[PDB]
Amino acid sequence: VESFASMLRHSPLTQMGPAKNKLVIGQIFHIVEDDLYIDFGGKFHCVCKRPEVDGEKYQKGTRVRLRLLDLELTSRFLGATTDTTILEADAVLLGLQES
Amino acid sequence: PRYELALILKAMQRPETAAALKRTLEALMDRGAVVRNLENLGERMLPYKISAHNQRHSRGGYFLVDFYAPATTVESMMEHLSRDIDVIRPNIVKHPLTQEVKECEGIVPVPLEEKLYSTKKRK
Amino acid sequence: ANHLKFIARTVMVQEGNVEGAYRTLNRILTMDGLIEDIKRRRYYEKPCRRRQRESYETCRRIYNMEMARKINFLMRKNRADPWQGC
Amino acid sequence: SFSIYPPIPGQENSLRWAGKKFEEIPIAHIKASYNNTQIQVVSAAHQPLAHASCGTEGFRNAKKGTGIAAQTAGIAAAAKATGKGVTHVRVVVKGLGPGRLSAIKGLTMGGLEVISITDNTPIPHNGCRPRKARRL
Amino acid sequence: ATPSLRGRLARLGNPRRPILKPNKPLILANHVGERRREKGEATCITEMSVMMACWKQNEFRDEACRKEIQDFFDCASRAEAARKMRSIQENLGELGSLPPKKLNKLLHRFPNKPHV
RNA sequence: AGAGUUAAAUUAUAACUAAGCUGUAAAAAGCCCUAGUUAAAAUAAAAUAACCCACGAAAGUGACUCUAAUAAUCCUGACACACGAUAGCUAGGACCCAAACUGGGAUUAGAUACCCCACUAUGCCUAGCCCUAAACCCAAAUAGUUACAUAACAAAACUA
Ligand SMILES: [Mg+2]
Ligand SMILES: [Mg+2]
Ligand SMILES: [Mg+2]
Ligand SMILES: [Mg+2]
Ligand SMILES: [Mg+2]
Ligand SMILES: [Mg+2]
Ligand SMILES: [Mg+2]
Ligand SMILES: [Mg+2]
Ligand SMILES: [Mg+2]
Ligand SMILES: [Mg+2]
Ligand SMILES: [Mg+2]
Ligand SMILES: [Mg+2]
Ligand SMILES: [Mg+2]
Ligand SMILES: [Mg+2]
Ligand SMILES: [Mg+2]
Ligand SMILES: [Mg+2]
Ligand SMILES: [Mg+2]
Ligand SMILES: [Mg+2]
Ligand SMILES: [Mg+2]
Ligand SMILES: [Mg+2]
Ligand SMILES: [Mg+2]
Ligand SMILES: [Mg+2]
Ligand SMILES: [Mg+2]
Ligand SMILES: [Mg+2]
Ligand SMILES: [Mg+2]
Ligand SMILES: [Mg+2]
Ligand SMILES: [Mg+2]
Ligand SMILES: [Mg+2]
Ligand SMILES: [Mg+2]
Ligand SMILES: [Mg+2]
Ligand SMILES: [Mg+2]
Ligand SMILES: [Mg+2]
Ligand SMILES: [Mg+2]
Ligand SMILES: [Mg+2]
Ligand SMILES: [Mg+2]
């Protein structure tokens with residue numbers, strides 16, 4: 001049997017460490033016209049805008065390259081008890097699942 | 001070095017200049033001062049025009065005198081400098097190099113302040 | 001008055017358009033806070049009545065700063081919504 | 001890098017208007033007070049060539065406040081000045097009042113050519129105390 | 001950056017003495033301030049003045065100067081159409097931000113929490 | 001707390017120049033020994049920095065420089081001791097500007113007010129008093145805890 005702590009210690013999400021400027025692989029599970037909703041698998045999906053190069057190449061099911069900025073978007077604001085969640089993470093688009 | 005003397009002097013020719021400096025450091029060495037160094041910063045056109053000894057000056061020579069002196073003294077030298085006919089403005093500052101450099105470790109980031117207002121379910 | 005003249009607060013109009021250059025100078029003074037100071041200093045304002053100003057200004061600046069930030073943070077989610085009419 | 005505004009008093013800058021140095025170009029003092037405006041156009045040599053006031057232009061106690069009046073004074077001022085043959089003017093506005101802009105425009109529209117605006121408005125570094133505020 | 005609120009407010013803990021005395025509690029509100037309607041100036045004043053001078057010199061014969069007059073009406077039409085255009089212009093907003101309706105919905109979607 | 005110093009502005013007072021200048025919602029009175037410009041001491045007050053939050057027991061303290069200098073191996077404590085904003089009082093200086101009072105001018109039914117214009121005690125220094133404030137952060141000092149817990153509102157609740 002594996003102890004949970006072990007599963008944690010050896011996971012990729014742990015191995016990655018700090019979120020900033022990480023190079024990640026992600027997948028497009030939903031599309032609105034300019035906006036592509038990308039699960040890179042972390043917790044929350046990020047959002048992207050379809051680039052000018054090869055517009056029609058990015059579709060639902062497509063895989064993508066991401067530069068992960070922040071694992072999720074949050075801050076505390078004036079006179080707030082708890083901080084405020086966007087329920088998304090911040091990422092940038094590089095290229096599409098360059099293979 | 002302990003004290004620093006910013007001499008703004010009436011712009012003259014070389015001999016007269018030499019005279020002025022010489023007698024200045026003489027006065028200091030008489031009040032008990034140990035002179036380290038003399039730094040001529042040039043003759044500049046002053047940032048603004050300075051009126052002293054019934055003469056309104058545009059330009060001036062700039063000098064820096066580092067020296068050690070006893071506490072009691074500084075007043076005396078200031079007086080004898082103010083009296084002087086060719087000093088276009090005197091001053092004496094604690095020499096910059098006594099003041100320590102305490103390392104900026106950097107910016108200690110200030111977090112938003114919480115628990116200002118009570119928790120109230122208002123509206 | 002002891003300083004050399006015409007170096008301070010001086011714009012020189014380019015391509016002969018005056019109105020533009022005046023707008024420019026105005027933007028200078030108002031950027032540095034001099035207009036608010038002239039206007040402040042037409043009459044007097046007593047020390048107490050001044051700290052009140054200061055504090056109201058600074059509170060208000062804090063509020064507007066924060067609210068600005070919050071707005072520009074929630075900006076993303078202005079995007080047209082995916083899940084509509086679920 | 002074109003038109004850096006503040007030309008230095010050193011001679012490193014050669015730019016001529018009517019073949020004159022920037023030091024030699026006429027200074028038009030504009031004074032904009034809440035109830036008044038007055039322009040005085042003076043030589044680089046400080047010999048007054050033109051004077052126009054909102055009152056000297058025949059407006060009266062209130063109405064002389066307005067920007068209308070300002071441009072009005074500006075025109076005739078630049079008339080008197082043009083009479084003595086000044087092409088170009090570096091302007092300085094003193095005070096902050098209604099007829100700032102209006103009068104400056106008034107010099108141009110009045111056929112007088114403007115190079116520079118500089119604002120000398122007295123700004124106390126906390127010298128003399130102002131008169132008390134009003135309602136109280 | 002936002003001005004430090006640490007030690008500013010009068011509170012039981014604080015060893016310092018007060019800096020800010022807020023009139024209204026410092027909390028981000030949910031809604032946002034409604035747009036501020038801008039006021040007008042006197043329109044056309046220039047051409048008005050020029051045409052005045054003209055009649056003064058010309059003893060008020062309107063036939064003597066067509067130019068000042070036609071330019072005057074040019075300004076009047078520019079003014080009226082500027083008013084019509086600033087009436088339909090309400091899509092203006094901030095020109096690069098969003099109208100205060102949008103901000104207010106959006107702000108109700110991620111409200112600020114005082115309580116709990 | 002001393003001692004020394006002045007950048008901006010302002011004022012005397014001259015040189016020119018124009019007849020106005022000031023002043024409000026609008027005016028009037030007021031001043032033309034006025035106004036703009038160019039010069040320029042004293043006195044007074046210390047833009048920006050400060051979106052900082054330091055120093056003092058508090059009052060208070062933010063132009064510059066130097067001298068002196070910020071009690072207590074640190075619990076509480078008076079009717080005792082020493083201080084204590086402004087205003088005020090006594091004597092002597094200072095007087096740019098402000099300004100109770102007062103005199104003009106408007107406004108008004110009236111206007112002993114709000115607006116305008118002058119000008120004074122007074123703000124300034126040196127020495128001596130007076131000892132009051134919404135002297136309020138209306139929240140005592142010194143150690144603690146975030147357990148228990150919402151009269152209301154405000155700056156959340158409590159031990160010793
Ligand atoms: Mg609340
Ligand atoms: Mg001068
Ligand atoms: Mg400020
Ligand atoms: Mg100040
Ligand atoms: Mg009262
Ligand atoms: Mg303290
Ligand atoms: Mg206090
Ligand atoms: Mg309140
Ligand atoms: Mg003393
Ligand atoms: Mg001076
Ligand atoms: Mg003067
Ligand atoms: Mg004067
Ligand atoms: Mg008015
Ligand atoms: Mg009269
Ligand atoms: Mg400030
Ligand atoms: Mg403070
Ligand atoms: Mg101590
Ligand atoms: Mg004790
Ligand atoms: Mg007292
Ligand atoms: Mg007193
Ligand atoms: Mg007096
Ligand atoms: Mg005097
Ligand atoms: Mg007076
Ligand atoms: Mg009366
Ligand atoms: Mg009545
Ligand atoms: Mg009223
Ligand atoms: Mg007087
Ligand atoms: Mg005092
Ligand atoms: Mg107090
Ligand atoms: Mg209070
Ligand atoms: Mg009490
Ligand atoms: Mg006690
Ligand atoms: Mg104690
Ligand atoms: Mg407890
Ligand atoms: Mg209730």
# chains A, B, ... in the order shown; residues from 1 in each chain; ligands from 1

call {"tool": "residues_around", "arguments": {"residues": "residue 77 in chain D", "least_positions_apart": "6", "cutoff": "6 Å", "atoms": "only C-alpha atoms (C1' of nucleotides)", "output": "PyMOL selection string"}}
result
chain D and resi 50-52

call {"tool": "residues_near_ligand", "arguments": {"ligand": "ligand 18", "cutoff": "12 Å", "atoms": "only C-alpha atoms (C1' of nucleotides) and all ligand atoms", "output": "VMD selection string"}}
result
chain F and resid 57 71 to 72 74 to 78 141 to 142

call {"tool": "closest_atom_pairs", "arguments": {"of": "range 45-129 of chain F", "to": "range 30-47 of chain C", "cutoff": "12 Å", "atoms": "only C-alpha atoms (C1' of nucleotides)", "output": "CSV"}}
result
residue,atom,partner,partner_atom,distance
F:47,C1',C:37,CA,7.7
F:48,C1',C:32,CA,8.1
F:49,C1',C:32,CA,11.8
F:97,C1',C:44,CA,11.8
F:98,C1',C:44,CA,9.6

call {"tool": "write_last_selection", "arguments": {"atoms": "N, CA, C and O atoms (P, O5', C5', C4', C3', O3' and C1' of nucleotides)", "output": "PDB file, in the first residue's frame"}}
result
ATOM      1  P     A F  47       7.236  74.225   4.340  1.00  0.00           P
ATOM      2  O5'   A F  47       6.204  74.345   3.141  1.00  0.00           O
ATOM      3  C5'   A F  47       6.698  74.407   1.823  1.00  0.00           C
ATOM      4  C4'   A F  47       5.596  74.499   0.815  1.00  0.00           C
ATOM      5  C3'   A F  47       5.253  73.182   0.127  1.00  0.00           C
ATOM      6  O3'   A F  47       4.193  72.513   0.810  1.00  0.00           O
ATOM      7  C1'   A F  47       5.802  74.825  -1.495  1.00  0.00           C
ATOM      8  P     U F  48       3.874  70.951   0.579  1.00  0.00           P
ATOM      9  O5'   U F  48       4.256  70.718  -0.946  1.00  0.00           O
ATOM     10  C5'   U F  48       4.329  69.412  -1.473  1.00  0.00           C
ATOM     11  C4'   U F  48       5.361  69.296  -2.562  1.00  0.00           C
ATOM     12  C3'   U F  48       6.249  68.074  -2.490  1.00  0.00           C
ATOM     13  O3'   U F  48       5.612  66.939  -3.050  1.00  0.00           O
ATOM     14  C1'   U F  48       7.521  70.009  -3.044  1.00  0.00           C
ATOM     15  P     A F  49       4.922  65.830  -2.119  1.00  0.00           P
ATOM     16  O5'   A F  49       6.145  64.976  -1.566  1.00  0.00           O
ATOM     17  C5'   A F  49       7.133  64.475  -2.449  1.00  0.00           C
ATOM     18  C4'   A F  49       8.486  64.449  -1.795  1.00  0.00           C
ATOM     19  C3'   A F  49       8.560  63.693  -0.489  1.00  0.00           C
ATOM     20  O3'   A F  49       8.720  62.314  -0.722  1.00  0.00           O
ATOM     21  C1'   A F  49       9.654  65.777  -0.270  1.00  0.00           C
ATOM     22  P     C F  97       2.584  94.678   3.878  1.00  0.00           P
ATOM     23  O5'   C F  97       1.777  93.368   4.287  1.00  0.00           O
ATOM     24  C5'   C F  97       1.701  92.256   3.408  1.00  0.00           C
ATOM     25  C4'   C F  97       1.247  91.009   4.123  1.00  0.00           C
ATOM     26  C3'   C F  97      -0.071  91.116   4.867  1.00  0.00           C
ATOM     27  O3'   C F  97      -1.195  90.949   4.019  1.00  0.00           O
ATOM     28  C1'   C F  97       1.534  90.088   6.252  1.00  0.00           C
ATOM     29  P     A F  98      -2.638  91.496   4.470  1.00  0.00           P
ATOM     30  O5'   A F  98      -3.075  90.539   5.661  1.00  0.00           O
ATOM     31  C5'   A F  98      -3.405  89.179   5.442  1.00  0.00           C
ATOM     32  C4'   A F  98      -3.609  88.471   6.754  1.00  0.00           C
ATOM     33  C3'   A F  98      -4.736  89.001   7.616  1.00  0.00           C
ATOM     34  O3'   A F  98      -5.974  88.449   7.243  1.00  0.00           O
ATOM     35  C1'   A F  98      -2.794  88.697   8.937  1.00  0.00           C
TER      36        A F  98
END

call {"tool": "interface_residues", "arguments": {"of": "chain C", "to": "chain E", "cutoff": "8 Å", "atoms": "only C-alpha atoms", "output": "list in words"}}
result
residues 55, 56, 58, 59, 61, 62, 63, 65, 66, 67, 71, 74, 77 and 78 of chain C

call {"tool": "interface_residues", "arguments": {"of": "chain B", "to": "chain C", "cutoff": "9 Å", "atoms": "only C-alpha atoms", "output": "number ranges by chain"}}
result
B: 47-50

call {"tool": "write_last_selection", "arguments": {"atoms": "N, CA and C atoms", "output": "mmCIF file, in the first residue's frame"}}
result
data_model
loop_
_atom_site.group_PDB
_atom_site.id
_atom_site.type_symbol
_atom_site.label_atom_id
_atom_site.label_comp_id
_atom_site.auth_asym_id
_atom_site.auth_seq_id
_atom_site.Cartn_x
_atom_site.Cartn_y
_atom_site.Cartn_z
ATOM 1 N N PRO B 47 24.477 78.329 -8.630
ATOM 2 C CA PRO B 47 23.136 77.936 -9.074
ATOM 3 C C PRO B 47 22.219 79.138 -9.108
ATOM 4 N N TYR B 48 22.478 80.046 -8.176
ATOM 5 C CA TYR B 48 21.766 81.308 -8.076
ATOM 6 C C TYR B 48 22.710 82.342 -7.511
ATOM 7 N N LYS B 49 22.355 83.612 -7.660
ATOM 8 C CA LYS B 49 23.263 84.701 -7.321
ATOM 9 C C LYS B 49 23.236 85.038 -5.827
ATOM 10 N N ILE B 50 24.422 85.075 -5.229
ATOM 11 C CA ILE B 50 24.550 85.191 -3.787
ATOM 12 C C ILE B 50 25.071 86.550 -3.363
#

call {"tool": "residues_near_ligand", "arguments": {"ligand": "ligand 14", "cutoff": "10 Å", "atoms": "only C-alpha atoms (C1' of nucleotides) and all ligand atoms", "output": "number ranges by chain"}}
result
F: 28-31

call {"tool": "residues_near_ligand", "arguments": {"ligand": "ligand 1", "cutoff": "6 Å", "atoms": "only C-alpha atoms (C1' of nucleotides) and all ligand atoms", "output": "list in words"}}
result
residues 117, 118, 119 and 120 of chain B

call {"tool": "select_by_dssp", "arguments": {"residues": "chain C", "states": "strand (DSSP E or B)", "output": "list in words"}}
result
residues 3, 10, 11 and 12 of chain C

call {"tool": "write_last_selection", "arguments": {"atoms": "N, CA, C and O atoms", "output": "mmCIF file, in the first residue's frame"}}
result
data_model
loop_
_atom_site.group_PDB
_atom_site.id
_atom_site.type_symbol
_atom_site.label_atom_id
_atom_site.label_comp_id
_atom_site.auth_asym_id
_atom_site.auth_seq_id
_atom_site.Cartn_x
_atom_site.Cartn_y
_atom_site.Cartn_z
ATOM 1 N N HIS C 3 17.552 83.241 -9.133
ATOM 2 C CA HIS C 3 17.830 82.226 -10.144
ATOM 3 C C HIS C 3 17.814 82.812 -11.542
ATOM 4 O O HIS C 3 17.136 83.807 -11.789
ATOM 5 N N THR C 10 9.145 76.580 -18.272
ATOM 6 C CA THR C 10 9.137 77.099 -19.632
ATOM 7 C C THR C 10 8.967 76.024 -20.686
ATOM 8 O O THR C 10 9.770 75.104 -20.789
ATOM 9 N N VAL C 11 7.923 76.163 -21.486
ATOM 10 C CA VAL C 11 7.763 75.349 -22.677
ATOM 11 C C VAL C 11 8.050 76.235 -23.867
ATOM 12 O O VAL C 11 7.810 77.436 -23.807
ATOM 13 N N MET C 12 8.582 75.674 -24.939
ATOM 14 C CA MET C 12 8.731 76.465 -26.140
ATOM 15 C C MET C 12 7.914 75.858 -27.268
ATOM 16 O O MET C 12 8.139 74.707 -27.649
#

call {"tool": "residues_near_ligand", "arguments": {"ligand": "ligand 13", "cutoff": "9 Å", "atoms": "only C-alpha atoms (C1' of nucleotides) and all ligand atoms", "output": "NGL selection string"}}
result
(:D and (34-35 or 62 or 65)) or (:F and (23-26))

call {"tool": "write_last_selection", "arguments": {"atoms": "N, CA, C and O atoms (P, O5', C5', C4', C3', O3' and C1' of nucleotides)", "output": "PDB file, in the first residue's frame"}}
result
ATOM      1  N   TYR D  34      -8.066  87.597 -10.916  1.00  0.00           N
ATOM      2  CA  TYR D  34      -9.449  87.169 -11.018  1.00  0.00           C
ATOM      3  C   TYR D  34     -10.369  88.283 -11.541  1.00  0.00           C
ATOM      4  O   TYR D  34     -11.352  88.016 -12.236  1.00  0.00           O
ATOM      5  N   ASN D  35     -10.057  89.529 -11.203  1.00  0.00           N
ATOM      6  CA  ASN D  35     -10.866  90.642 -11.674  1.00  0.00           C
ATOM      7  C   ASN D  35     -10.288  91.378 -12.852  1.00  0.00           C
ATOM      8  O   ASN D  35     -10.857  92.364 -13.310  1.00  0.00           O
ATOM      9  N   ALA D  62     -17.029  94.494 -13.424  1.00  0.00           N
ATOM     10  CA  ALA D  62     -17.148  93.026 -13.465  1.00  0.00           C
ATOM     11  C   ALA D  62     -16.681  92.473 -14.781  1.00  0.00           C
ATOM     12  O   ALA D  62     -15.757  91.665 -14.838  1.00  0.00           O
ATOM     13  N   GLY D  65     -13.505  91.032 -16.127  1.00  0.00           N
ATOM     14  CA  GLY D  65     -12.955  89.764 -15.689  1.00  0.00           C
ATOM     15  C   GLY D  65     -12.778  88.767 -16.823  1.00  0.00           C
ATOM     16  O   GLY D  65     -11.763  88.082 -16.906  1.00  0.00           O
TER      17      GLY D  65
ATOM     18  P     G F  23      -8.355  92.264  -6.099  1.00  0.00           P
ATOM     19  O5'   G F  23      -9.885  92.371  -5.696  1.00  0.00           O
ATOM     20  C5'   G F  23     -10.279  92.343  -4.338  1.00  0.00           C
ATOM     21  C4'   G F  23     -11.639  92.952  -4.195  1.00  0.00           C
ATOM     22  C3'   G F  23     -12.762  92.238  -4.927  1.00  0.00           C
ATOM     23  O3'   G F  23     -13.278  91.151  -4.196  1.00  0.00           O
ATOM     24  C1'   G F  23     -12.879  94.547  -5.365  1.00  0.00           C
ATOM     25  P     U F  24     -12.944  89.662  -4.659  1.00  0.00           P
ATOM     26  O5'   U F  24     -14.147  89.294  -5.611  1.00  0.00           O
ATOM     27  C5'   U F  24     -15.147  88.416  -5.145  1.00  0.00           C
ATOM     28  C4'   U F  24     -16.366  89.169  -4.685  1.00  0.00           C
ATOM     29  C3'   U F  24     -17.659  88.740  -5.365  1.00  0.00           C
ATOM     30  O3'   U F  24     -18.238  87.604  -4.733  1.00  0.00           O
ATOM     31  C1'   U F  24     -17.464  91.110  -5.427  1.00  0.00           C
ATOM     32  P     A F  25     -18.465  86.241  -5.556  1.00  0.00           P
ATOM     33  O5'   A F  25     -19.659  86.621  -6.539  1.00  0.00           O
ATOM     34  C5'   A F  25     -20.063  85.756  -7.586  1.00  0.00           C
ATOM     35  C4'   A F  25     -21.430  86.140  -8.090  1.00  0.00           C
ATOM     36  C3'   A F  25     -21.569  87.548  -8.649  1.00  0.00           C
ATOM     37  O3'   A F  25     -21.139  87.640 -10.003  1.00  0.00           O
ATOM     38  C1'   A F  25     -23.390  87.054  -7.205  1.00  0.00           C
ATOM     39  P     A F  26     -20.018  88.704 -10.468  1.00  0.00           P
ATOM     40  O5'   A F  26     -20.763  90.111 -10.417  1.00  0.00           O
ATOM     41  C5'   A F  26     -21.719  90.448 -11.405  1.00  0.00           C
ATOM     42  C4'   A F  26     -22.727  91.439 -10.893  1.00  0.00           C
ATOM     43  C3'   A F  26     -22.206  92.813 -10.524  1.00  0.00           C
ATOM     44  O3'   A F  26     -22.018  93.640 -11.657  1.00  0.00           O
ATOM     45  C1'   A F  26     -23.682  92.048  -8.850  1.00  0.00           C
TER      46        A F  26
END

call {"tool": "residues_near_ligand", "arguments": {"ligand": "ligand 22", "cutoff": "9 Å", "atoms": "only C-alpha atoms (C1' of nucleotides) and all ligand atoms", "output": "ChimeraX atom specification"}}
result
/F:11-12,42-43,95-96

call {"tool": "write_last_selection", "arguments": {"atoms": "N, CA and C atoms (P, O5', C5', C4', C3', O3' and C1' of nucleotides)", "output": "PDB file, in the first residue's frame"}}
result
ATOM      1  P     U F  11       4.205  93.500  -2.248  1.00  0.00           P
ATOM      2  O5'   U F  11       5.036  94.316  -1.156  1.00  0.00           O
ATOM      3  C5'   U F  11       4.411  94.851   0.006  1.00  0.00           C
ATOM      4  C4'   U F  11       5.392  95.616   0.863  1.00  0.00           C
ATOM      5  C3'   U F  11       6.152  96.732   0.170  1.00  0.00           C
ATOM      6  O3'   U F  11       5.411  97.929   0.055  1.00  0.00           O
ATOM      7  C1'   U F  11       7.674  95.398   1.373  1.00  0.00           C
ATOM      8  P     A F  12       5.841  99.006  -1.049  1.00  0.00           P
ATOM      9  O5'   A F  12       7.070  99.767  -0.367  1.00  0.00           O
ATOM     10  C5'   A F  12       6.903 100.384   0.900  1.00  0.00           C
ATOM     11  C4'   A F  12       8.209 100.717   1.583  1.00  0.00           C
ATOM     12  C3'   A F  12       9.068 101.800   0.959  1.00  0.00           C
ATOM     13  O3'   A F  12       8.579 103.109   1.224  1.00  0.00           O
ATOM     14  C1'   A F  12      10.423 100.015   1.771  1.00  0.00           C
ATOM     15  P     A F  42      17.813  90.346   5.198  1.00  0.00           P
ATOM     16  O5'   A F  42      17.074  91.013   6.458  1.00  0.00           O
ATOM     17  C5'   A F  42      17.788  91.756   7.450  1.00  0.00           C
ATOM     18  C4'   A F  42      16.901  92.747   8.178  1.00  0.00           C
ATOM     19  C3'   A F  42      15.678  92.164   8.884  1.00  0.00           C
ATOM     20  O3'   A F  42      15.974  91.753  10.211  1.00  0.00           O
ATOM     21  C1'   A F  42      15.023  94.003   7.533  1.00  0.00           C
ATOM     22  P     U F  43      15.662  90.259  10.724  1.00  0.00           P
ATOM     23  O5'   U F  43      14.084  90.225  10.924  1.00  0.00           O
ATOM     24  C5'   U F  43      13.452  91.015  11.918  1.00  0.00           C
ATOM     25  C4'   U F  43      12.002  91.251  11.577  1.00  0.00           C
ATOM     26  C3'   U F  43      11.136  90.010  11.438  1.00  0.00           C
ATOM     27  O3'   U F  43      10.741  89.456  12.685  1.00  0.00           O
ATOM     28  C1'   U F  43      10.688  91.498   9.648  1.00  0.00           C
ATOM     29  P     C F  95      10.970  96.878  12.476  1.00  0.00           P
ATOM     30  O5'   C F  95       9.616  96.542  11.728  1.00  0.00           O
ATOM     31  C5'   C F  95       9.349  95.220  11.303  1.00  0.00           C
ATOM     32  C4'   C F  95       7.870  94.971  11.266  1.00  0.00           C
ATOM     33  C3'   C F  95       7.065  96.024  10.527  1.00  0.00           C
ATOM     34  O3'   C F  95       7.056  95.717   9.139  1.00  0.00           O
ATOM     35  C1'   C F  95       5.976  95.341  12.564  1.00  0.00           C
ATOM     36  P     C F  96       6.607  96.768   8.005  1.00  0.00           P
ATOM     37  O5'   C F  96       5.825  95.846   6.955  1.00  0.00           O
ATOM     38  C5'   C F  96       6.294  95.690   5.625  1.00  0.00           C
ATOM     39  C4'   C F  96       6.178  94.269   5.119  1.00  0.00           C
ATOM     40  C3'   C F  96       4.784  93.698   4.955  1.00  0.00           C
ATOM     41  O3'   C F  96       4.118  94.190   3.802  1.00  0.00           O
ATOM     42  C1'   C F  96       6.225  92.058   5.874  1.00  0.00           C
TER      43        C F  96
END

call {"tool": "closest_atom_pairs", "arguments": {"of": "chain F", "to": "ligand 10", "cutoff": "9 Å", "atoms": "only C-alpha atoms (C1' of nucleotides) and all ligand atoms", "output": "JSON lines"}}
result
{"residue": "F:6", "atom": "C1'", "partner": "ligand 10", "partner_atom_place_in_ligand_line": "1 (Mg)", "distance": 8.6}
{"residue": "F:7", "atom": "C1'", "partner": "ligand 10", "partner_atom_place_in_ligand_line": "1 (Mg)", "distance": 8.1}
{"residue": "F:8", "atom": "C1'", "partner": "ligand 10", "partner_atom_place_in_ligand_line": "1 (Mg)", "distance": 7.5}
{"residue": "F:9", "atom": "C1'", "partner": "ligand 10", "partner_atom_place_in_ligand_line": "1 (Mg)", "distance": 7.4}
{"residue": "F:10", "atom": "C1'", "partner": "ligand 10", "partner_atom_place_in_ligand_line": "1 (Mg)", "distance": 8.3}
{"residue": "F:40", "atom": "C1'", "partner": "ligand 10", "partner_atom_place_in_ligand_line": "1 (Mg)", "distance": 8.7}

call {"tool": "write_last_selection", "arguments": {"atoms": "N, CA, C and O atoms (P, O5', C5', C4', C3', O3' and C1' of nucleotides)", "output": "PDB file, in the first residue's frame"}}
result
ATOM      1  P     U F   6      22.350  84.608   5.431  1.00  0.00           P
ATOM      2  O5'   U F   6      21.382  83.594   4.682  1.00  0.00           O
ATOM      3  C5'   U F   6      21.856  82.793   3.609  1.00  0.00           C
ATOM      4  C4'   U F   6      20.729  82.020   2.980  1.00  0.00           C
ATOM      5  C3'   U F   6      19.724  82.874   2.209  1.00  0.00           C
ATOM      6  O3'   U F   6      19.225  82.135   1.088  1.00  0.00           O
ATOM      7  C1'   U F   6      18.621  81.765   3.974  1.00  0.00           C
ATOM      8  P     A F   7      19.714  82.493  -0.407  1.00  0.00           P
ATOM      9  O5'   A F   7      18.500  82.058  -1.338  1.00  0.00           O
ATOM     10  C5'   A F   7      18.657  81.046  -2.319  1.00  0.00           C
ATOM     11  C4'   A F   7      17.364  80.317  -2.548  1.00  0.00           C
ATOM     12  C3'   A F   7      16.145  81.203  -2.741  1.00  0.00           C
ATOM     13  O3'   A F   7      16.011  81.659  -4.079  1.00  0.00           O
ATOM     14  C1'   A F   7      15.667  79.562  -1.112  1.00  0.00           C
ATOM     15  P     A F   8      15.279  83.055  -4.412  1.00  0.00           P
ATOM     16  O5'   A F   8      13.744  82.669  -4.410  1.00  0.00           O
ATOM     17  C5'   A F   8      13.298  81.530  -5.116  1.00  0.00           C
ATOM     18  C4'   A F   8      11.927  81.150  -4.655  1.00  0.00           C
ATOM     19  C3'   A F   8      10.942  82.298  -4.611  1.00  0.00           C
ATOM     20  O3'   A F   8      10.381  82.580  -5.876  1.00  0.00           O
ATOM     21  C1'   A F   8      10.823  81.088  -2.599  1.00  0.00           C
ATOM     22  P     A F   9      10.196  84.098  -6.342  1.00  0.00           P
ATOM     23  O5'   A F   9       9.207  84.718  -5.265  1.00  0.00           O
ATOM     24  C5'   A F   9       7.815  84.527  -5.406  1.00  0.00           C
ATOM     25  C4'   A F   9       7.071  84.803  -4.127  1.00  0.00           C
ATOM     26  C3'   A F   9       6.866  86.251  -3.746  1.00  0.00           C
ATOM     27  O3'   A F   9       5.880  86.887  -4.529  1.00  0.00           O
ATOM     28  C1'   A F   9       7.421  85.013  -1.831  1.00  0.00           C
ATOM     29  P     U F  10       6.066  88.422  -4.952  1.00  0.00           P
ATOM     30  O5'   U F  10       5.797  89.227  -3.604  1.00  0.00           O
ATOM     31  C5'   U F  10       4.554  89.143  -2.917  1.00  0.00           C
ATOM     32  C4'   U F  10       4.679  89.704  -1.522  1.00  0.00           C
ATOM     33  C3'   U F  10       5.084  91.168  -1.422  1.00  0.00           C
ATOM     34  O3'   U F  10       3.987  92.053  -1.583  1.00  0.00           O
ATOM     35  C1'   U F  10       6.399  89.890   0.061  1.00  0.00           C
ATOM     36  P     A F  40      19.165  93.115  -7.191  1.00  0.00           P
ATOM     37  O5'   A F  40      19.676  93.504  -5.727  1.00  0.00           O
ATOM     38  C5'   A F  40      19.042  92.990  -4.561  1.00  0.00           C
ATOM     39  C4'   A F  40      18.531  94.090  -3.660  1.00  0.00           C
ATOM     40  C3'   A F  40      17.606  93.643  -2.531  1.00  0.00           C
ATOM     41  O3'   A F  40      18.310  93.228  -1.375  1.00  0.00           O
ATOM     42  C1'   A F  40      16.602  95.421  -3.707  1.00  0.00           C
TER      43        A F  40
END

call {"tool": "closest_residue", "arguments": {"among": "E:40, E:114, E:99, E:15", "to": "chain B", "atoms": "only C-alpha atoms"}}
result
E:114

call {"tool": "residues_near_ligand", "arguments": {"ligand": "ligand 31", "cutoff": "12 Å", "atoms": "only C-alpha atoms (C1' of nucleotides) and all ligand atoms", "output": "number ranges by chain"}}
result
F: 133-136, 138-140

call {"tool": "interface_residues", "arguments": {"of": "chain D", "to": "chain F", "cutoff": "8 Å", "atoms": "only C-alpha atoms (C1' of nucleotides)", "output": "list in words"}}
result
residues 35, 38, 39, 40, 42, 46, 47, 48, 51, 55, 56, 122, 123, 124, 125, 126, 127, 128, 129, 130, 131, 132, 135 and 136 of chain D
